[PDB]
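A.B. asks: There's a structure below that I have some questions on.
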Amino acid sequence: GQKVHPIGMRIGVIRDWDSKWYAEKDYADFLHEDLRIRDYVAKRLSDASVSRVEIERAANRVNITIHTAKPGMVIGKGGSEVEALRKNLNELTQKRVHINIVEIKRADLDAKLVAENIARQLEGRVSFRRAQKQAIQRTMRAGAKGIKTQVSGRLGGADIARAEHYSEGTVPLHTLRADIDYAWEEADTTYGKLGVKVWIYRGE
RNA sequence: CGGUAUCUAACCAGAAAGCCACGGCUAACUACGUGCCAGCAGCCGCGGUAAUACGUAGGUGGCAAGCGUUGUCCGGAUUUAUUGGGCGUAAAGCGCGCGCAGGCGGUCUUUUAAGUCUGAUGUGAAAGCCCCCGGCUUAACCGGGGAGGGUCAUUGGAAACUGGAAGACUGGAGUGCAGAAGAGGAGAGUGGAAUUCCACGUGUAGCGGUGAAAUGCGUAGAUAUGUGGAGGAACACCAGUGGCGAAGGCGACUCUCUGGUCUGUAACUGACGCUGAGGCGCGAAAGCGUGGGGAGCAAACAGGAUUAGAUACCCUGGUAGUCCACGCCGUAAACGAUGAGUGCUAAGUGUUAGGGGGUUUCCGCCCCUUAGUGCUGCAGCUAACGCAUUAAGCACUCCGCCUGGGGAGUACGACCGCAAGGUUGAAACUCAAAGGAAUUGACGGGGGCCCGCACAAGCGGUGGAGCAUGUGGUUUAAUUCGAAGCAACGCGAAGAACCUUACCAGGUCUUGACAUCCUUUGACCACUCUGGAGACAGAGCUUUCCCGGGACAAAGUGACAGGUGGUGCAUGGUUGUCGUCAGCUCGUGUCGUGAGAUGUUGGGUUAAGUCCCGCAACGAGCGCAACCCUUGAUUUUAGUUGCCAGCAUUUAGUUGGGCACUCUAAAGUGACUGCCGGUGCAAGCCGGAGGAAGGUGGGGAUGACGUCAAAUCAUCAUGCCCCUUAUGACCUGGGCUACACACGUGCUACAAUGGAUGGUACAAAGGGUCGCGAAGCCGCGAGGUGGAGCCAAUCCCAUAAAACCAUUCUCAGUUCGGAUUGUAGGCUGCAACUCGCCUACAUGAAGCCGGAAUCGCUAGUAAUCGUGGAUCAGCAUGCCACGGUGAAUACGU
Ligand SMILES: [Mg+2]
Ligand SMILES: [Mg+2]
Ligand SMILES: [Mg+2]
Ligand SMILES: [Mg+2]
Ligand SMILES: [Mg+2]
Ligand SMILES: [Mg+2]
Ligand SMILES: [Mg+2]
Ligand SMILES: [Mg+2]
Ligand SMILES: [Mg+2]
Ligand SMILES: [Mg+2]
Ligand SMILES: [Mg+2]
Ligand SMILES: [Mg+2]
Ligand SMILES: [Mg+2]
Ligand SMILES: [Mg+2]
Ligand SMILES: [Mg+2]
Ligand SMILES: [Mg+2]
Ligand SMILES: [Mg+2]
Ligand SMILES: [Mg+2]
Ligand SMILES: [Mg+2]
Ligand SMILES: [Mg+2]
Ligand SMILES: [Mg+2]
Ligand SMILES: [Mg+2]
Ligand SMILES: [Mg+2]
Ligand SMILES: [Mg+2]
Ligand SMILES: [Mg+2]
Ligand SMILES: [Mg+2]
Ligand SMILES: [Mg+2]
Ligand SMILES: [Mg+2]
Ligand SMILES: [Mg+2]
Ligand SMILES: [Mg+2]
Ligand SMILES: [Mg+2]
Ligand SMILES: [Mg+2]
Ligand SMILES: [Mg+2]
Ligand SMILES: [Mg+2]
Ligand SMILES: [Mg+2]
Ligand SMILES: [Mg+2]
Ligand SMILES: [Mg+2]
Ligand SMILES: [Mg+2]
Ligand SMILES: [Mg+2]
Ligand SMILES: [Mg+2]
Ligand SMILES: [Mg+2]
Ligand SMILES: [Mg+2]
Ligand SMILES: [Mg+2]
Ligand SMILES: [Mg+2]
Ligand SMILES: [Mg+2]
Ligand SMILES: [Mg+2]
Ligand SMILES: [Mg+2]
Ligand SMILES: [Mg+2]
Ligand SMILES: [Mg+2]
Ligand SMILES: [Mg+2]
Ligand SMILES: [Mg+2]
Ligand SMILES: [Mg+2]
Ligand SMILES: [Mg+2]
Ligand SMILES: [Mg+2]
Ligand SMILES: [Mg+2]
Ligand SMILES: [Mg+2]
Ligand SMILES: [Mg+2]
Ligand SMILES: [Mg+2]
Ligand SMILES: [Mg+2]
Ligand SMILES: [Mg+2]
Ligand SMILES: [Mg+2]
Ligand SMILES: [Mg+2]
Ligand SMILES: [Mg+2]
Ligand SMILES: [Mg+2]
Ligand SMILES: [Mg+2]
Ligand SMILES: [Mg+2]
Ligand SMILES: [Mg+2]
Ligand SMILES: [Mg+2]
Ligand SMILES: [Mg+2]
Ligand SMILES: [Mg+2]
Ligand SMILES: [Mg+2]
Ligand SMILES: [Mg+2]
Ligand SMILES: [Mg+2]
Ligand SMILES: [Mg+2]
Ligand SMILES: [Mg+2]
Ligand SMILES: [Mg+2]
Ligand SMILES: [Mg+2]
Ligand SMILES: [Mg+2]
Ligand SMILES: [Mg+2]
Ligand SMILES: [Mg+2]
Ligand SMILES: [Mg+2]
Ligand SMILES: [Mg+2]
Ligand SMILES: [Mg+2]
Ligand SMILES: [Mg+2]
Ligand SMILES: [Mg+2]
């Protein structure tokens, strides 16, 4: 049995899609500009635990906000790394780009950030059983009513692939008033390719 | 022996370390090579292009002057069990009795001293094991002393136990006396139902048989029916986990001859007993010999059916046999799968044959007791099932039997038999299992409830024809690759003329078509001419960068790039399918030696493990339901590009005017078993009212744990393997469109509910800026010119078609059908031959409802008719959406 994408099921119902701009006859021109912007942000800020990026476009001006769990590298004492973004985005956007940075409180509640921390341990030769369990017990203190995660692929170096999942709490997928986050990430190993799936039933 | 052992003097780290294993058993793991090959192995078993198991290295682990392998013996092996096992179902109780030898044997007294216990003497050599000392520089090794070792011989004691002898007793055993029950056995005779045959009345056409039939019997008169005769076998009701017997077994009645058992008494004898190898007898059915008998039944056999075949099941016949006398045979799931004797160890309740007591006149009820026969259950036992005073519990005596499976109850030998065969009973070889009980699933041509267009009741199709399209096969330089029952086959492909294109022919390039870092200029090109099929080769105009920075470009080099090359059985992600089926699990608790179980089962109800009640369980999670969208009714907000009530005007809702009504879209109401009646205890069920809507209203989105090593390395990503002057890169042409053929999916028809001609009405949902494209004019037509308006509730696409109204055709291969083909055109595109779509004229094919088989659909559904959109320069009979008209049937499982 195949499951619908939990995020996609709730667009426009309880949540709102990330890129929120309106234009006609410039749709494909604007849309692929965003796909370029996201590609560069995900490159330089690979270790900054960045999860949510949205595009706010209005009359030749590009407004972008970055949701970061640890903005200290992104902004703070240096005060010069964030300005390089506007200098490294003017060449491809060709528009006056302003970037905003927003703190993420309780970073363990965000399904995006939990995903790579599980993932980063898998190529650190950590057992798959331990890595998931450690993240499950960390998020339950944050205030979530549900979590279940699986890791699938050539598991622990095994020749035959299989999946393993661990759950505790309440994760009702079929409920539409759920507010369930989702994230999928790649674990790059020397025996193959592994992927992790995490979804959290948030509080409200 | 022999200048041997042994001392002291000096020089030298210098001459002196190998063997086996590293998956588990079992201490010790990583690389490379190979790729079910080479090979390894004591067992389990490893090797099929990431091997801790094969080969070699590095490292490690056991020992060490060694270390491994083989052969033999003991151990582990309780696997011959005296110490120290067993026989209900795993191997293992003879089919049963009578009994010689042997083994074992109630209570007391006296005696004896064979067994039993004990002392002394003699001996059991030396060496060896063991204990205490001593010598070799230690040890091994060697001495001194001691100990142990016997069913040993002579002799002295003890008398409890077994044995011997002499007596005594009665709880064992047996006799006597008084009763009782019984299909216990052998012999002789008799009875009644019923079947068959025979003879004679009555009578007419079938009888008999099967899932259906047929063979067979009958007009030579059957079946049926009434009367009489002959003969053989078994004994209806009674009849009962009732009775009798050692077992096999014994069922009509009477008599004769016979065996055993139970109860009561306490007269009698006084251990006279239990088991019992060899031996001797009995012993279902079939079978054998001799003489009878023969009604039903029936191996063999014959015929008829069934079947792909049917030496069978089914039907019609039928010989030995079954019955009797005598004599053999000696087996059985001969079973309670449980040897015989004896004693002890909770209860509850039926029944057979007796005895005692209390109530009562009897009857009857109750209690106690003996011997049998059943059921339920404690302790105990058991691997479990289960047994449980009729033990598989606790004990003693005697007999029989067993030691992994097959070979095999076979071969040879012997005994027995008339024969068939019986009894006794191996080995070579081969395997690492064979087996008992219970658990979770699955399966059933087992059973009980249920659901789905599953069948049934209907309607319309496919399979027959022409064309469209995908696939197989085949042909081709190539016909690029993938999917293969449901769950590939108008599928990836929501568009193959060049591109796409992944394939082929020819022509070309090697840091390259695409990115990074090198170094000099900084713009680099573009264009024109020539050879050009083009890619590309040779010349000129210009290359203006901007701000020491830069991205690209010029130039050659490297690191490098590039693969739609392989493996979907190395993978991530994505999807199908069972199936929108109602299930799948967990936490704590409890039961079981254990795997497991319970919850999740039982009684109702539901679409639903949806809910209620009960319950050794109490709760939870993913699923169901609801929350989401859409349609159906309505209120407030809002009147523009929408609408026109009431108006004046216009060819026309037009213009002026107004949101009245529709309308559009934001917020709300509304449906929740809400209410009433009956039924039920509750869930719930049936009906009714209100309402637009009533029982999850209609339709969508939503697809649990998992199964198919299901599909995709070709959307993307990616481990390993492979190619790299090519398996990478550019150009033209061809091909993916072939064609004797087979299959799947569709379109059009085979006409009169129809064809043709003329007039006219009624929609919804969408698209439009390098776009839609009107009026007007032209052409028979496809189309051409033209440019209005529209960045759109405004303008265009855009006249909806079936339907309705008139005329004509008159049942024919036709005024049906349109394939096919010749000519003449239009449109896109640089280009329409391979290979596009449309128009005009002419040609006019198969086809007159489709065999076997098979598909879809339950209401605005099927059926039928039009419309729009994605991909798109052009091209859809495919796909995805929209509306018009609008059925038949559902008894039922
Ligand atoms: Mg000398
Ligand atoms: Mg010396
Ligand atoms: Mg020295
Ligand atoms: Mg070990
Ligand atoms: Mg290897
Ligand atoms: Mg080994
Ligand atoms: Mg090796
Ligand atoms: Mg080595
Ligand atoms: Mg060593
Ligand atoms: Mg030594
Ligand atoms: Mg040796
Ligand atoms: Mg040996
Ligand atoms: Mg032994
Ligand atoms: Mg045994
Ligand atoms: Mg026994
Ligand atoms: Mg057996
Ligand atoms: Mg047996
Ligand atoms: Mg017996
Ligand atoms: Mg005797
Ligand atoms: Mg005695
Ligand atoms: Mg004796
Ligand atoms: Mg001696
Ligand atoms: Mg000494
Ligand atoms: Mg000695
Ligand atoms: Mg000595
Ligand atoms: Mg005595
Ligand atoms: Mg004496
Ligand atoms: Mg007596
Ligand atoms: Mg008798
Ligand atoms: Mg008799
Ligand atoms: Mg008679
Ligand atoms: Mg028939
Ligand atoms: Mg007659
Ligand atoms: Mg008896
Ligand atoms: Mg008698
Ligand atoms: Mg008698
Ligand atoms: Mg009796
Ligand atoms: Mg006497
Ligand atoms: Mg006896
Ligand atoms: Mg005998
Ligand atoms: Mg006989
Ligand atoms: Mg005979
Ligand atoms: Mg005879
Ligand atoms: Mg026959
Ligand atoms: Mg017969
Ligand atoms: Mg006889
Ligand atoms: Mg036999
Ligand atoms: Mg026998
Ligand atoms: Mg019997
Ligand atoms: Mg037996
Ligand atoms: Mg006994
Ligand atoms: Mg007994
Ligand atoms: Mg009894
Ligand atoms: Mg053997
Ligand atoms: Mg054997
Ligand atoms: Mg024999
Ligand atoms: Mg013989
Ligand atoms: Mg077995
Ligand atoms: Mg079994
Ligand atoms: Mg239905
Ligand atoms: Mg056809
Ligand atoms: Mg193909
Ligand atoms: Mg289809
Ligand atoms: Mg080409
Ligand atoms: Mg030039
Ligand atoms: Mg030139
Ligand atoms: Mg697969
Ligand atoms: Mg349902
Ligand atoms: Mg269960
Ligand atoms: Mg139930
Ligand atoms: Mg309901
Ligand atoms: Mg439920
Ligand atoms: Mg009511
Ligand atoms: Mg009603
Ligand atoms: Mg639902
Ligand atoms: Mg496969
Ligand atoms: Mg495949
Ligand atoms: Mg690849
Ligand atoms: Mg094709
Ligand atoms: Mg016509
Ligand atoms: Mg043409
Ligand atoms: Mg014509
Ligand atoms: Mg014809
Ligand atoms: Mg006709
Ligand atoms: Mg088109």
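A.B. asks: Out of all the residues in the range A:72-101, which are within 16 Å of RNA strand B (Cβ to nearest atom) and polar (S, T, N, Q)?
C.D. replies: Passing the criteria: A:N88, A:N90, A:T93, A:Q94.
A.B. asks: If I go through the range A:179-194 residue by residue, how many of them are in contact with a strand residue (DSSP E or B) (Cβ under 7 Å, 6 or more places away or on another chain) and near RNA strand B (Cβ under 7 Å from one of its atoms)?
C.D. replies: Residues that pass the stated criteria total 5.
A.B. asks: So, one more: If you go through the range A:145-168, how many residues are surrounded by 14 or more Cβ atoms within 10 Å (Cβ to Cβ) and either among the polar types (S, T, N, Q) or within 7 Å of RNA strand B (Cβ to nearest atom) (or both)?
C.D. replies: Residues meeting the conditions: 6.
A.B. asks: Show the residue pairs that are 6+ apart or on different chains and have beta-carbon atoms under 7 Å apart, the first residue being within the range A:93-108 and surrounded by 14 or more Cβ atoms within 10 Å (Cβ to Cβ), the second being part of a loop (DSSP other than H, G, I, E, B) and among the charged types (D, E, K, R).
C.D. replies: A:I104/A:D110
Read-outs throughout are calculated quantities, based only on the coordinates presented, and are distinct from any laboratory measurement. All Cβ positions, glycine included, derive from the backbone under ideal geometry; neighbour counts span all protein chains shown.
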